[PDB]
Amino acid sequence: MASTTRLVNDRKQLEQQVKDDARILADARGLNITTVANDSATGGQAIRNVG
Amino acid sequence: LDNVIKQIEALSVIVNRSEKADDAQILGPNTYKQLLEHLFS
């Protein structure tokens, strides 16, 4: 049990830190939403009256 | 003379499968009609 047994955990922590500090410097820009539309209807059979 | 009505029943059932739209429940716009009117003074 030496400093070599901590290598995998060291890599786990290093990957977490790399992701975290690459998220900080990444530039973020808003995007335009162009998908709004009322196209989600439902079908079926009409309940026609009889008489 | 026994199968003369079997064909009728089969044709009635088959045409019953041809779906037909019904306006029985649907109404439409309308206007009052103007009646001939002569007025003088």
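Reading the values: the criteria
Residues numbered from 1 in each chain as written, not as in the entry; some residues may be left out. Chains lettered and ligands numbered in written order. Part of a larger assembly, values for the part shown. Heavy atoms only, no water. Helix = DSSP H or I, 4+ residues; strand = E, 2+ residues; numbered from the N terminus. Rg over C-alpha atoms; globule rule 2.2 N^0.38 Å. Buried < 20%, exposed > 50% of the residue type's maximum accessible area, 1.4 Å probe, protein only. Areas by Shrake-Rupley, 256 points an atom, 1.4 Å probe, with all protein chains shown as cover. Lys, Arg positive; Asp, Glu negative; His and termini not counted. Charge placed at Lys NZ, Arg CZ, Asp CG, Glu CD. 1 Å grid on protein atoms, 1.4 Å probe; cavity = no way out; pocket = protein on both sides within 12 Å on 5 of 7 lines; lining within 4 Å. Points joined across faces, edges and corners; volume = space filled by probe spheres on them. Nonpolar A, V, L, I, M, F, W, Y, C, P; charged D, E, K, R; others polar.

Looking at the method and resolution fields of the entry, one finds cryo-EM and 3.1 Å.

Per the PDB entry, chain B goes by VP3 and derives from Scylla serrata reovirus SZ-2007.

Chain A is annotated in the PDB entry as VP3 of Scylla serrata reovirus SZ-2007.

(A) Structural detail: the overall build of chain A. From N to C terminus, chain A includes one helix and zero strands. Its C-alpha atoms give chain A a radius of gyration of 28 Å, clearly above 10 Å, the size a compact globule of 51 residues would have. Its C-alpha atoms give chain A principal-axis dimensions of roughly 90 × 35 × 5 Å. Looking at the 51 residues of chain A, the share that counts as buried comes to 0%. As displayed, chain A offers around 5800 Å² of accessible surface, 53% of which is attributable to carbon and sulfur atoms. Of the charged side chains in chain A, 7 are positive and 6 negative, and the gap between their average positions amounts to 7 Å.

(B) Structural context of the layout of surface pockets. Of the volumes computed, that of the largest pocket is approximately 160 Å³. Around the largest pocket sit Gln45(A), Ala46(A), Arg48(A), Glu19(B), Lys20(B) and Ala21(B), which together line it. When its residues are assigned to classes, the lining of the largest pocket shows two nonpolar, one polar and three charged.

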